[PDB]
> 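Please see the structure below; I have some questions.
Note that these values count all heavy atoms, side chains included, but never hydrogens, waters or copies made by symmetry. Here is the naming used below: chain letters follow the sequence lines, and residue numbers restart at 1 for every chain. Both counts, for ligands and for their atoms, begin at 1 and track the order of listing.
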Amino acid sequence: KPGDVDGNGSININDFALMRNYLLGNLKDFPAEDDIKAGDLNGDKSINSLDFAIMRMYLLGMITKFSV
Amino acid sequence: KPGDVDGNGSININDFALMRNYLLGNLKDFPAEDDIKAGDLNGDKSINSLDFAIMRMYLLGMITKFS
Amino acid sequence: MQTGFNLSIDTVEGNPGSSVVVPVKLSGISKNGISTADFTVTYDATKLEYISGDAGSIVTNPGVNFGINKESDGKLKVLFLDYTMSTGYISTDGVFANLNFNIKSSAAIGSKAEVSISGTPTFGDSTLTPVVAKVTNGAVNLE
Amino acid sequence: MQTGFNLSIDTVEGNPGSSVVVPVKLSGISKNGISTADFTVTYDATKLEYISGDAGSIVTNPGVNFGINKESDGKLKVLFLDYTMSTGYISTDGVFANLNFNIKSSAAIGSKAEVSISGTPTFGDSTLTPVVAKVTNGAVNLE
Ligand SMILES: [Ca+2]
Ligand SMILES: [Ca+2]
Ligand SMILES: [Ca+2]
Ligand SMILES: [Ca+2]
Ligand SMILES: [Ca+2]
Ligand SMILES: [Ca+2]
């Protein structure tokens, strides 16, 4: 659930691309219904570059799960 | 400069991400100064999924240059 | 009958105030397969409310390879790429996408809500050679 | 105590009909460095036309790590991430971004075109802890 910003059941490169595009203003929101639940990977109730970094660590295999 | 849709001098995952977003109907104007020159990798003067696929091949190392 | 490579949208029956699925199909795919696609689907947004779109059963590794987005009410953008550009071309005819709509209660029985391809759809085969589709548009027939 | 970490936008002179660069700087970077950033820059689009934005000299692996986009006329989104999340935090004070603008010929001498941070900018250090920036806003002084 967290990390799956397109709500398609997988967390992958496309969720990273969506997050990057969101932070650059190329998306108004995310396809997932619950944007904060999908995009907030550190629990601060904001979606920002810290969340982007956390997603990167996950896709690099540097972490295994999000600390919700 | 073909492939460099954000116009930053490098061709990488971020150019791929922008093109995905374009093809899904979001950004209308790429940051590059010349969108067709940056985005058209097969010479049809259009940016579409063929260009997206070519860029993927380049980023996978399956091709080394564009046409 | 339909022969050759076709992109077709089904004509389906629907009830105002209920939901409906509209399949989008590929048929006549050559041995060279389909490695990429992008196209626009327009629908009558005065009668149908888009909920979501699901990858059809012919789509390979859909969690990575498939995307669909509502650009504006009445206009969807569909995208497919074999991200491996090797082992994931589509070779099998069948359902490419399932489009899920709520049908407005105001939509009149006996009328139709068009669902159509807008423009010329783009397909590439396994060597990224362009492949031209014959297009057949569809509709939700309201009853 | 007030932080020594600063995000600042220069105040520069510009001539109507000409172009100008507006540097955006970081200073007082703490020992943990900067591994992430995202913020909005607003500029007076009645006077300035955004051309492009370039990563500044302090930015690590800028081709990958840095992005900037015009979301709408007058509003830029800026993004930095150390894509390694290991070896590529920013540690050096200096220019973070260079913003390139054309200045409209209609712009009047003696007036200013504001270039500012909108909202509270987000920075993360190498531990992915938020760090607060002291902001100084800038402008193009037209002469
Ligand atoms: Ca996902
Ligand atoms: Ca949403
Ligand atoms: Ca967060
Ligand atoms: Ca680039
Ligand atoms: Ca452009
Ligand atoms: Ca092309």
> Should the pair C:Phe80 and C:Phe96 be assigned to parallel (<30°), tilted (30 to 60°) or perpendicular (>60°) ring geometry?
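Rings of C:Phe80 and C:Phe96: perpendicular, as their planes differ by over 60°.
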> Only one of D:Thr42, D:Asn137, D:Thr136 passes side chain to side chain donor-acceptor pair (under 3.5 Å) with D:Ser116; say which it is.
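Looking at D:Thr42, D:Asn137, D:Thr136, the match for D:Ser116 under the side chain to side chain donor-acceptor pair (under 3.5 Å) is D:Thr42.
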> Mind checking whether the Ca ion (ligand 3) has an N, O or S of A:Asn42 under 3.0 Å?
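Given the 3.0 Å cut-off, A:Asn42 counts as a ligand of the Ca ion (ligand 3).
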> Considering only N, O or S atoms, which atom of B:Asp6 is nearest to the Ca ion (ligand 4)?
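Of all N, O or S atoms belonging to B:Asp6, OD1 is the one nearest the Ca ion (ligand 4).
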> Just checking: B:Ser10, one of its N/O/S atoms, less than 3.0 Å away from the Ca ion (ligand 4), yes or no?
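B:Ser10 does place an N, O or S atom closer than 3.0 Å to the Ca ion (ligand 4).
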> So, B:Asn21 side chain and A:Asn26 main chain: donor-acceptor pair closer than 3.5 Å or not?
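Checked: pair present.
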> Within 45 degrees of the axis of the six-membered ring of B:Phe16 and under 6.0 Å from its centre: does B:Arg56 put its NZ or CZ there?
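Yes - B:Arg56 lies over the ring of B:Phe16, closer than 6.0 Å to its centre and within 45° of its axis.
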> Hey, which of C:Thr60, C:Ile90, C:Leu81 is the one that makes side chain to side chain contact (heavy atoms under 4.5 Å, CB included) with C:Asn65?
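Of all the options given, the one that passes is C:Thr60.
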> Got an N, O or S from B:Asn8 under 3.0 Å of the Ca ion (ligand 4)?
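Here the distance criterion (N, O or S atom, under 3.0 Å) is met by B:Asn8, so yes.
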> For the Ca ion (ligand 2), which N, O or S atom of A:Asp29 is at the shortest distance?
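It is OD2, the N, O or S atom of A:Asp29 closest to the Ca ion (ligand 2).
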> Starting from the Ca ion (ligand 3), look over the N/O/S atoms of A:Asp40 and name the nearest one.
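Of the nitrogen, oxygen and sulfur atoms in A:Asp40, the Ca ion (ligand 3) lies nearest to OD1.
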> Determine which of the N, O or S atoms in A:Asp44 is closest to the Ca ion (ligand 3) and give its atom name.
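Result for A:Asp44 and the Ca ion (ligand 3): OD1.
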> Closer than 3.0 Å to the Ca ion (ligand 2), do we get an N, O or S atom from A:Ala32, backbone or side chain?
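It does; at least one qualifying atom falls short of 3.0 Å.
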> Counting backbone and side-chain atoms alike, is an N, O or S atom of A:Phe30 positioned under 3.0 Å from the Ca ion (ligand 2)?
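It does; at least one qualifying atom falls short of 3.0 Å.
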> Could C:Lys77 and C:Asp38 be called an ion pair, given the rule that one side-chain N must be under 4.0 Å from one carboxylate O?
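Not counted as a salt bridge, because no side-chain N and carboxylate O are separated by less than 4.0 Å.
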> Can we say C:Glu13 and C:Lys112 salt-bridge, meaning some charged N sits less than 4.0 Å from an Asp/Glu carboxylate O?
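Salt bridge between C:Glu13 and C:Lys112, a charged N being under 4.0 Å from a carboxylate O: no.
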> Checking one value in my table: which N/O/S atom of A:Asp35 lies closest to the Ca ion (ligand 2)?
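Of the nitrogen, oxygen and sulfur atoms in A:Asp35, the Ca ion (ligand 2) lies nearest to OD1.
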> Please determine whether a side-chain nitrogen of the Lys or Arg among C:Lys70 and C:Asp73 lies less than 4.0 Å from a carboxylate oxygen of the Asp or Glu.
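Counted as a salt bridge, because a side-chain N and a carboxylate O are separated by less than 4.0 Å.
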> To 10 degrees, how wide is the angle OD1 (A:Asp51) to the Ca ion (ligand 3) to O (A:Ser46)?
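Taking the Ca ion (ligand 3) as the apex, the two atoms subtend 110°.
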> Take the Ca ion (ligand 4) as the vertex and measure to OD2 of B:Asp15 and OD1 of B:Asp4; round to 10°.
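OD2 of B:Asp15 and OD1 of B:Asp4 make an angle of 120° at the Ca ion (ligand 4), to the nearest 10°.
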